[PDB]
Amino acid sequence: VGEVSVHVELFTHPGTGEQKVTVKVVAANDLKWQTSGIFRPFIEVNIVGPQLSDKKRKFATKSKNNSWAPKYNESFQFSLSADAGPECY
Amino acid sequence: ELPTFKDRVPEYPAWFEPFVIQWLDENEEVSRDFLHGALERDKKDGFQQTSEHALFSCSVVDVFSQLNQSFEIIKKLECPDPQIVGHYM
Amino acid sequence: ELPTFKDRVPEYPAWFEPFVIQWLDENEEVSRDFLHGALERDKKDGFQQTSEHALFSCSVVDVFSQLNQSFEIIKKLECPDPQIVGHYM
C-alpha cells in the first residue's frame, strides 16, 4: 500500500552495551491513499519485542499535507532491553 | 580488501544486473502510473501552486519524489562495475 | 494517575522544549547584553572590590545573580523527560 524509506542504525550502544535502535524515517512513497479529503500522512514507528513496559514503544513523524510521497528525515531512538538480543525484536 | 579481489573489478554485480534491470523496468512503469495519479490529483485540484513561493503545483513534487526514491535505490547499490553502472544510468 | 499514563514518562515536554530553547536563547542574549552592561558599570566604578574583604568587584555578583534567575526559570519547569532536560542543560 506504499513503502517507507528508513535508515536504521542498531547501536549496541557504544556508551552502555545495551541496544538502542536509531530509526531515521527518511520518506514514504506510493501510499495507496488518494483520499476523500486532505490527506495528512505521518509515520508512526513502533518497536516490538520483550521487556518494553518501562520503555517508549511508539514514535511518530510530523504530518505532511496532501503528500502521497512525504519526506520526513526524522530520527527516533528506541531502547531495547539489555537482556533480550536484537533477534527478539 | 583481500589482495586477490582488490586486484579486480568485482564480478558479483554481473550476477545481479539482470535483476536490477528488471527492477528499473518495473520502476519505470510504477513511475508512469504514479505520474498519471499525481497529475490527476493536481488537475482535479485545478493546479494550485504548492505555496505562495513554491510557484509550481504538487504533481512536480510527487513525480520528482518518485524519481528520487527510484534513483537513490540505484545509487545505494554503488555498483563497482562502471559499465554496469553506465547501463543502469 | 490513569494506569495507561502512569506507565509512562510524559511526552508533553517534547512539545514545549523548542519554546524553552527559544526562551534560553532570548535569555542568553539578554544575559550577554546584561554582562557587557554589568562589566561596564563596574568599569565605570573603576572595578572597586565589592568590599575590602569581598575581593572581587560587583559585576561577578550581578552575573551570578542573573545566571541564577535564569537557571531557576529553567529549573521551575522540572521537565519529566531528563533528555529534554539534558538538552536545556
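Take the range A:44-57 and flag every residue that is under 14 Å from the mean Cα position of the chain (by Cα) and not in a strand (DSSP E or B).
The initial filter retains those residues of the range A:44-57 that are under 14 Å from the mean Cα position of the chain (by Cα), namely A:44-48, A:56-57.
Answer for the range A:44-57, where residues must be under 14 Å from the mean Cα position of the chain (by Cα) and not in a strand (DSSP E or B): A:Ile47, A:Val48, A:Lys56, A:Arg57.
Please verify whether A:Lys62 is more than 14 Å from chain B (Cβ to nearest Cβ), within 15 Å of A:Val4 (Cβ to Cβ), of a type in the set (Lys, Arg) and in contact (Cβ under 8 Å) with a residue 12 or more places away in the chain, treating the condition exactly as stated.
Working: more than 14 Å from chain B (Cβ to nearest Cβ): yes; within 15 Å of A:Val4 (Cβ to Cβ): yes; of a type in the set (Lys, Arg): yes; in contact (Cβ under 8 Å) with a residue 12 or more places away in the chain: yes.
Yes.
Of everything in the range A:31-41, what is in contact (Cβ under 8 Å) with a residue 24 or more places away in the chain and of a type outside the set (A, V, I, L, M)? Give them in sequence order.
Residues of the range A:31-41 that are in contact (Cβ under 8 Å) with a residue 24 or more places away in the chain, as a first pass: A:31-34, A:38-41.
Passing the criteria: A:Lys32, A:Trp33, A:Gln34, A:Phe39, A:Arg40, A:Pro41.
Being within 10 Å of another protein chain (Cβ to nearest Cβ) and outside any loop (DSSP other than H, G, I, E, B) is the filter; apply it to the range A:24-43 and report the residue that is surrounded by the most Cβ atoms within 10 Å (Cβ to Cβ).
A:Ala28
Can you find a residue that is more than 10 Å from chain A (Cβ to nearest Cβ), of a type in the set (A, V, I, L, M, F, W, C) and touching a residue at least 60 places away in the same chain (Cβ under 8 Å) anywhere in the range B:23-42?
yes
Output the number of the condition that A:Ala60 fails; it satisfies all remaining conditions of (1) closer than 21 Å to B:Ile73 by Cβ; (2) within 10 Å of the chain's Cα centre (by Cα).
All conditions pass for A:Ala60, except number (1).
Evaluate the following for B:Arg32: is it part of a helix (DSSP H, G or I), within 20 Å of A:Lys64 (Cβ to Cβ) and charged (D, E, K, R)?
Details: part of a helix (DSSP H, G or I): yes; within 20 Å of A:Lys64 (Cβ to Cβ): no; charged (D, E, K, R): yes.
Taking the combined requirement at face value, the residue does not satisfy it.
Name, by its number, the condition in (1) within 14 Å of chain B (Cβ to nearest Cβ); (2) surrounded by 14 or more Cβ atoms within 10 Å (Cβ to Cβ) that does not hold for A:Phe78.
Condition not satisfied by A:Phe78: (1).
Quick reminder, even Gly has a Cβ in these numbers, built from the backbone with ideal geometry, and neighbours come from all protein chains shown. Values quoted throughout were computed directly from the atomic coordinates according to the rules given, and no laboratory measurement underlies them.
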